[PDB]
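Inside the fold
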Amino acid sequence: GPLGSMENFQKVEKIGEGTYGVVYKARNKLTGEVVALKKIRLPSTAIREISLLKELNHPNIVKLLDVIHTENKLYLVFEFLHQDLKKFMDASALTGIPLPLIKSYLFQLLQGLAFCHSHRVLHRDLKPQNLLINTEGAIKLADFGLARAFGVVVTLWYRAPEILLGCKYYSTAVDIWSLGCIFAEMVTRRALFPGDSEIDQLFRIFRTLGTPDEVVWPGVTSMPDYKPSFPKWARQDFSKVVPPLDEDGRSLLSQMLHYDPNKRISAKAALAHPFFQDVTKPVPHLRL
Ligand SMILES: CCS(=O)(=O)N1CCC(NC(=O)c2[nH]ncc2NC(=O)c2c(F)ccc(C3CCOCC3)c2F)CC1
């Protein structure tokens, strides 16, 4: 659209770029605020979707402050946070993130998800780099994926099996799956399912959880991309998958990784799991 609408913002650094667009750190020249700017290069559905997201205000969701259309670009102004979970896990890789902080982050993300999901809002794209942390121990959901993307990276590792099997109308359960994969990664300091193609992702899931069938996932053999020629792997023990997670955490993770989206635990039920009886909010050691 029109010109000059972004002149109030001074870009201070390009944080990254990719399939999502470009992310900048910026300063409002008139108010002095430090914000993140997302730039999308150039849709009625997306306007409605983005408008609803601006109304979703929750401690564990990165606040979307403004939406500005200028030239061939759409800019989204977000509250700034200084670090993502990927960098924090890398920085913690020698010692591990202490379990109380893992549990705090997992709890808070389930709160954010239960809130989104109660509004029928899906994130769709959860991974460590979509999770931002601050010095006060908060963690926040960032860069929600829309039902219809728009605009002119091995983002497979956290994708739910129903997406890989061609489900067109998937559910909030896909976010619970992704968060389970992130939970396991925080505990073990390795990606749970580090696939490098859609089929390698699916087959890594199958080799660990067992090839799904109609007993554990009714309807699976009818899904658009299921092939009867899928190899039949046996399931392994969770004691092998995420050691040394205690049995409360293994139990919760098992429910987050159910094949059947009808059986996979909801964010709301997950908040009640006994793993969270002793949840606290620790302060992370954050180097900025
Ligand atoms: C070594 C890097 S860092 O750990 O030091 N760090 C320093 C700077 C930090 N802050 C922010 O980006 C930030 N603050 N408020 C909002 C916000 N971003 C976003 O809201 C955001 C976006 F609009 C589009 C795409 C992505 C991800 C980009 C990566 O791919 C997955 C999607 C986003 F996050 C994050 C990382």
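Residues numbered from 1 in each chain as written, not as in the entry; some residues may be left out. Heavy atoms only, no water.

Method of determination, as given in the entry header: X-ray crystallography; reported resolution: 1.94 Å.

Under the PDB entry, the name given to the chain is Cyclin-dependent kinase 2, and the organism recorded is Homo sapiens.

What follows covers the site of the ligand. Around the ligand sit 20 residues, and of these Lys38, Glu79, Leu81, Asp84 and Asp143 come closest. Taking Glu79, its main chain carries an N or O atom lying 2.5 Å from a nitrogen atom of the ligand. Taking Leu81, its main chain carries an N or O atom lying 2.7 Å from a nitrogen atom of the ligand. Here the ligand, which alone exposes 750 Å², has 81% of that area covered by the protein. When contributions to the shell around the ligand are tallied by element, the ones reaching two or more residues are β3 (34-41), β5 (73-79) and β6 (83-84). Among the residues forming the shell around the ligand, the class breakdown is ten nonpolar, four polar and six charged. (Near = heavy atom within 4 Å. Polar contact = N/O pair within 3.5 Å; in protein donor to acceptor, adjacent residues only side chain to side chain. Areas by Shrake-Rupley, 256 points an atom, 1.4 Å probe, with all protein chains shown as cover. Helix = DSSP H or I, 4+ residues; strand = E, 2+ residues; numbered from the N terminus. Nonpolar A, V, L, I, M, F, W, Y, C, P; charged D, E, K, R; others polar.)

We now examine helix α6 (residues 198-209). In this model, α6 (twelve residues) spans 17 Å end to end at C-alpha, consistent with the 16 Å of a helix rising 1.5 Å per residue. Along α6, the residues that are buried comprise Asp200, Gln201, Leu202, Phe203, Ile205, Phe206, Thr208 and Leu209. Looking at the buried residues of α6, the elements they touch are α4 (161-164), α5 (173-188) and α7 (238-241). Just downstream of α6 lies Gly210, where phi reads positive at about 90°. (Expected span 1.5 Å × (residues − 1). Buried < 20%, exposed > 50% of the residue type's maximum accessible area, 1.4 Å probe, protein only. Contact = heavy atoms within 4.5 Å.)

One can describe the packing of helix α3 (residues 99-118) onto α5 by two numbers: an axis separation of 11 Å at closest approach and a directional angle of 170°. Our classification of the angle between α3 and α5 gives roughly antiparallel. For the pair α3 and α5, contact is made by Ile102, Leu106, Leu109, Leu110, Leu113 and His117 and by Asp175, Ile176, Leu179, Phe183, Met186 and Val187, respectively. Of the residues contributing to the contact of α3 with α5, the split by class is ten nonpolar, one polar and one charged. (Axes fitted to C-alpha atoms, helices over the stretch in contact; angles between N-to-C directions. Parallel < 35°, antiparallel > 145°, perpendicular 65-115°, else oblique.)

It is worth spelling out the pattern of salt bridges at this point. A complete count under the given rule lists ten salt bridges for this structure. A salt bridge links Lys86 to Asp90; the nearest nitrogen and oxygen atoms lie 2.6 Å apart. Residue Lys86 and its partner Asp90 are located together in helix α2 (residues 85-91), separated by four residues, close to a single helical turn. Overall, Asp90 belongs to the partly exposed group, its relative accessible area being 46%. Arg207 serves as the salt-bridge partner of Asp200, at 3.9 Å between the closest nitrogen and oxygen. Under the relative-accessibility criterion, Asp200 is labelled buried at 15%. Connected through shared salt-bridge partners, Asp200, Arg204 and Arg207 make up one network. (Salt bridge = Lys/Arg side-chain N within 4 Å of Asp/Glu carboxyl O.)

Within soluble globular proteins, side chains that are nonpolar generally end up buried alongside one another. Grouped together as the largest cluster of nonpolar side chains are 78 residues, with contacts concentrated most on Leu85, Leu106, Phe183, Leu252 and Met256. The greatest single-element share of this core, amounting to ten residues, is contributed by α5. Formed jointly, this core draws a minimum of three residues from each of two domains, domain 1 (6-82) and domain 2 (83-282). With residues near it in sequence (within four places) discarded, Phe183 still touches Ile102, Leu106, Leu245, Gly249, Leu252, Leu253, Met256 and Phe275. Grouped together as the second largest cluster of nonpolar side chains are ten residues, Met6, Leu37, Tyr75 and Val77 included. (Core = buried A, V, L, I, M, F, W, Y, C linked by side-chain atoms within 4.5 Å. Domains from an automatic or database assignment.)

On to unusual backbone geometry, then. Cis geometry marks the peptide bond from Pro243 to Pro244; its omega dihedral reads 5°. Tracing the backbone shows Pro244 in the loop between α7 and α8 (247-256). Of note in the backbone geometry, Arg124 takes a positive phi value of approximately 75° without being a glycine. Along the chain, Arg124 falls in the loop between α3 and β7 (131-133). The class of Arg124 is partly exposed, set by a relative accessible area of 22%. The residue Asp143 is not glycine, and still its phi comes out positive at about 50°. Topologically, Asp143 is positioned in the loop between β8 (139-141) and α4. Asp143 sits in the partly exposed class, given a relative accessible area of 26%.

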